[PDB]
Amino acid sequence: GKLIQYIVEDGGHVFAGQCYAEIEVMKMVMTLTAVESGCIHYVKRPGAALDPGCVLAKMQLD
C-alpha cells in the first residue's frame, strides 16, 4: 500500500513495539511495528505504493 507519513524521523533510534510508519491497506490504518531497535535511516520518501519487504528503513542491530 501507500506510505501516508512516517511517525519517526530519519536517523532516529527506536524501541520494541514502537510504530515507525503508517500506511493504508485494505482501506485502514496500520501500525508499522518496528522489530529491532536502532537508528532508522529514512529510506522511503512519502507517498509510494509499498511491498511486503520493502526498504522503508535500515538501522543496525544495536
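Residues numbered from 1 in each chain as written, not as in the entry; some residues may be left out. Part of a larger assembly, values for the part shown. Heavy atoms only, no water.

Deposited coordinates in this entry are attributed by the record to cryo-EM, at a stated resolution of 5.9 Å.

Caption draft 1: Local environment of the layout of surface pockets. Each pocket or cavity is described by its volume, and for the largest pocket that value is around 270 Å³. Every residue lining the largest pocket is listed: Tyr-20, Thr-33, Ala-34, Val-35, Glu-36, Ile-40, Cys-54, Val-55, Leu-56, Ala-57, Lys-58 and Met-59. Taken together, the residues that form the lining of the largest pocket break down as 9 nonpolar, 1 polar and 2 charged. When grouped by side-chain class, the residues that make up the lining of the second largest pocket number 9 nonpolar, 2 polar and 1 charged. (1 Å grid on protein atoms, 1.4 Å probe; cavity = no way out; pocket = protein on both sides within 12 Å on 5 of 7 lines; lining within 4 Å. Points joined across faces, edges and corners; volume = space filled by probe spheres on them. Nonpolar A, V, L, I, M, F, W, Y, C, P; charged D, E, K, R; others polar.)

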